[PDB]
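Novice: If you scroll down you'll find the structure; I have some questions about it.
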Amino acid sequence: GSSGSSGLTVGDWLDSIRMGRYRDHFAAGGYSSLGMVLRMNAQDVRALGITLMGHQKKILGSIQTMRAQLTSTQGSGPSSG
C-alpha cells in the first residue's frame with residue numbers, strides 16, 4: 001500500500017487515543033475509514049468539530065504518526081523505542 005492501506009475503522013484507531021468519541025464526526029466529514037484519515041490534517045479534523053487543543057492534538061498527533069510509519073524519511077519510524 002503506497003497511497004494508503006485500510007484495516008480498522010475511524011473508531012478503532014481513535015479509541016487508542018480515547019478520541020473515538022469524535023468518530024461519528026469523521027464519518028460526517030467524509031471519513032469512514034483510516035485510508036483517508038491518514039491523509040487528513042488540522043484543516044480536515046477541525047471541520048469534524050474537534051478543535052479543543054487537548055483533543056485536536058490527540059487525533060492529529062495520532063494520525064501524523066500513523067502515516068509517518070507507512071513511509072519513513074531519513075530514519076526509522078515503525079520502530080518502537
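Here's how to read the names in the C-alpha cells: chain A, B, ... by the order shown, residue numbers from 1 in each chain, ligand numbers from 1 in the order shown.
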Find the residues around residue A:10 up to 9 Å (only C-alpha atoms counted), leave out those fewer than 2 positions away in its own chain, and share them as a PyMOL selection string.
Specialist: chain A and resi 8+12-15+20+23-24+26-27+31-34+37
Novice: Write the residues of the selection above to a file with N, CA, C and O atoms, as an mmCIF file, in the first residue's frame.
Specialist:
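part-v6.cif written:
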data_model
loop_
_atom_site.group_PDB
_atom_site.id
_atom_site.type_symbol
_atom_site.label_atom_id
_atom_site.label_comp_id
_atom_site.auth_asym_id
_atom_site.auth_seq_id
_atom_site.Cartn_x
_atom_site.Cartn_y
_atom_site.Cartn_z
ATOM 1 N N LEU A 8 -8.716 -0.879 9.921
ATOM 2 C CA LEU A 8 -9.627 -0.633 11.032
ATOM 3 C C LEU A 8 -10.575 0.518 10.715
ATOM 4 O O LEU A 8 -10.518 1.105 9.633
ATOM 5 N N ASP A 12 -11.863 2.421 15.918
ATOM 6 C CA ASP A 12 -10.803 1.595 16.484
ATOM 7 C C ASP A 12 -9.568 2.435 16.796
ATOM 8 O O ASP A 12 -9.110 2.484 17.937
ATOM 9 N N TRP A 13 -9.033 3.092 15.773
ATOM 10 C CA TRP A 13 -7.850 3.929 15.937
ATOM 11 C C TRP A 13 -8.086 5.004 16.992
ATOM 12 O O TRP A 13 -7.424 5.026 18.028
ATOM 13 N N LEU A 14 -9.034 5.894 16.720
ATOM 14 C CA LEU A 14 -9.357 6.973 17.647
ATOM 15 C C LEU A 14 -9.450 6.453 19.077
ATOM 16 O O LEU A 14 -8.979 7.097 20.015
ATOM 17 N N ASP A 15 -10.061 5.284 19.237
ATOM 18 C CA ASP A 15 -10.215 4.675 20.553
ATOM 19 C C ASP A 15 -8.868 4.562 21.260
ATOM 20 O O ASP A 15 -8.768 4.789 22.466
ATOM 21 N N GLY A 20 -12.172 8.171 20.063
ATOM 22 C CA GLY A 20 -13.226 7.541 19.291
ATOM 23 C C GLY A 20 -14.563 8.235 19.459
ATOM 24 O O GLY A 20 -15.457 8.088 18.625
ATOM 25 N N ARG A 23 -15.400 9.954 16.565
ATOM 26 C CA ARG A 23 -15.561 9.111 15.386
ATOM 27 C C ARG A 23 -16.736 9.586 14.535
ATOM 28 O O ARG A 23 -16.558 9.998 13.389
ATOM 29 N N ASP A 24 -17.934 9.525 15.104
ATOM 30 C CA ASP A 24 -19.138 9.949 14.399
ATOM 31 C C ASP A 24 -18.856 11.171 13.530
ATOM 32 O O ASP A 24 -19.328 11.260 12.395
ATOM 33 N N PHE A 26 -15.949 12.270 12.101
ATOM 34 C CA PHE A 26 -15.198 11.887 10.910
ATOM 35 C C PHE A 26 -16.135 11.378 9.818
ATOM 36 O O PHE A 26 -16.061 11.813 8.669
ATOM 37 N N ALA A 27 -17.015 10.452 10.186
ATOM 38 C CA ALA A 27 -17.966 9.884 9.239
ATOM 39 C C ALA A 27 -18.755 10.979 8.529
ATOM 40 O O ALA A 27 -19.145 10.825 7.372
ATOM 41 N N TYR A 31 -15.190 10.899 6.211
ATOM 42 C CA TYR A 31 -14.168 9.943 6.617
ATOM 43 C C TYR A 31 -14.785 8.780 7.389
ATOM 44 O O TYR A 31 -15.194 8.932 8.540
ATOM 45 N N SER A 32 -14.847 7.619 6.747
ATOM 46 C CA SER A 32 -15.416 6.430 7.369
ATOM 47 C C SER A 32 -14.341 5.373 7.606
ATOM 48 O O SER A 32 -14.569 4.386 8.306
ATOM 49 N N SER A 33 -13.170 5.588 7.018
ATOM 50 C CA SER A 33 -12.059 4.653 7.161
ATOM 51 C C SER A 33 -10.765 5.392 7.485
ATOM 52 O O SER A 33 -10.729 6.622 7.513
ATOM 53 N N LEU A 34 -9.703 4.633 7.731
ATOM 54 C CA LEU A 34 -8.405 5.214 8.054
ATOM 55 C C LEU A 34 -7.678 5.659 6.789
ATOM 56 O O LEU A 34 -6.991 6.680 6.781
ATOM 57 N N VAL A 37 -8.240 9.034 6.695
ATOM 58 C CA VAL A 37 -7.837 9.704 7.925
ATOM 59 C C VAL A 37 -6.335 9.962 7.944
ATOM 60 O O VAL A 37 -5.875 10.979 8.463
#
Novice: Output as a ChimeraX atom specification all residues of stretch 2-79 of chain A that backbone DSSP marks as alpha helix (DSSP H).
Specialist: /A:10-16,23-28,34-37,42-48,53-70
Novice: My list of candidates is A:2, A:18, A:25, A:80. Which is closest to residue A:51 when distances are computed with only C-alpha atoms?
Specialist: A:25
Novice: So that I can check the surroundings of stretch 4-6 of chain A, please list as a CSV table (one decimal) with C-alpha atoms, in the first residue's frame every protein, DNA and RNA residue that reaches within 9 Å of it, counting only C-alpha atoms and ignoring chain neighbours fewer than 3 positions away.
Specialist:
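Just written: selection.csv:
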chain,number,residue,atom,x,y,z
A,1,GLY,CA,0.0,0.0,0.0
A,9,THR,CA,-12.4,1.9,11.5
A,33,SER,CA,-12.1,4.7,7.2
A,34,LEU,CA,-8.4,5.2,8.1
A,35,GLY,CA,-7.2,5.2,4.5
A,36,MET,CA,-8.5,8.8,4.3
A,38,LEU,CA,-4.1,9.2,7.3
A,39,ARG,CA,-4.3,11.8,4.6
A,67,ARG,CA,1.1,7.7,8.4
A,70,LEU,CA,3.7,4.0,6.2
Novice: Using only C-alpha atoms, find the one residue out of A:60, A:52, A:22, A:68 that sits nearest to residue A:40.
Specialist: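 Among the listed residues, A:60 lies closest to residue A:40.
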Novice: Expressed in Å to a single decimal, how great is the separation between atom CA of residue A:58 and atom CA of residue A:43?
Specialist: 14.8 Å
Novice: For atom CA of residue A:7 and atom CA of residue A:62, determine how far apart the two atoms are, in Å to one decimal place.
Specialist: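 Those two atoms sit 15.8 Å apart.
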Novice: Which of these residues is nearest to residue A:16, using only C-alpha atoms: A:59, A:45, A:77, A:69?
Specialist: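 Nearest candidate to residue A:16 out of A:59, A:45, A:77, A:69: A:59.
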Novice: Between atom CA of residue A:64 and atom CA of residue A:81, what is the spacing in Å?
Specialist: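 Taking atom CA of residue A:81 as the start and atom CA of residue A:64 as the end point, the length is 17.3 Å.
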